[PDB]
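# Need coordinates for the following:
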Amino acid sequence: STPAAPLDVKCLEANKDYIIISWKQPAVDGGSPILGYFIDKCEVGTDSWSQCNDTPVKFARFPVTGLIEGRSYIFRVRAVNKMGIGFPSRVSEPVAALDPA
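Residues are numbered from 1 along each chain as shown. Here you go:
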């Protein structure tokens with residue numbers, strides 16, 4: 001079948017121009033090897049989800065761009081294989097687009 005949801009979506013680094021996020025791979029691939037992942041972002045006061053990357057990324061890190069300085073976002077990740085796209089991960093903690101210090 002399709003894969004399981006990825007786990008533990010965390011923020012590695014936050015900046016006003018980009019936010020780097022990571023995740024762990026789902027506990028079940030459903031019989032087919034995983035082909036990649038799709039990352040989605042959402043502004044905290046809104047319910048608008050948008051896909052961040054055009055093609056699936058193979059590994060556990062991704063830099064998100066297209067942000068507005070000062071706004072906060074939450075993120076989710078979806079795994080995919082030849083059978084299809086699985087359920088998304090649990091949403092991450094909110095992260096603000098601001099330079100450190």
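# contacts and neighbour counts: CA atoms only from here.
Will do.
# and the closest residue to residue 24 other than its chain neighbours, what are its phi and psi?
In space, and not counting its chain neighbours, residue 24 is closest to residue 7: 5.0 Å by Cα to Cα, 6 or more residues apart in numbering. Dihedral pair for residue 7: phi -120, psi 160, per degrees, to the nearest 10.
# I figured residue 7 hits residue 60, correct?
No. The criterion here is Cα atoms under 8 Å, and residue 7 misses it with residue 60 at 10.7 Å.
# picking up where we left off before, what's the separation between the residue nearest to residue 24 and residue 99?
27 Å (Cα to Cα, to the nearest Å).
# Those two: which is more packed in?
With neighbours defined as other Cα atoms under 10 Å, residue 7 and residue 99 compare such that residue 7 has more, 20 against 13.
# Pull the contacting residues for the more buried one.
23-26, 89-90 (Cα atoms under 8 Å, 6 or more residues apart in numbering).
# farthest pair in these?
Pairwise distances among the contacts of residue 7 were taken by Cα to Cα; the largest, 12.8 Å, belongs to 25 and 90.
# Show me the strands paired with the longest strand anywhere in the chain, marking each as parallel or antiparallel.
What stands out as the longest strand in the chain, according to DSSP state E, is strand 72-81. Applying DSSP bridges, strand 72-81 is found paired with strand 36-43 (antiparallel), strand 84-85 (antiparallel), strand 95-96 (antiparallel).
# Dump those to TSV, plus mean neighbour count.
Shown next, in TSV, are the strands paired with strand 72-81 (neighbours: other Cα atoms under 10 Å):
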stretch	mean neighbour count
strand 36-43	20
strand 84-85	16
strand 95-96	20
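# With that, I have no additional questions.
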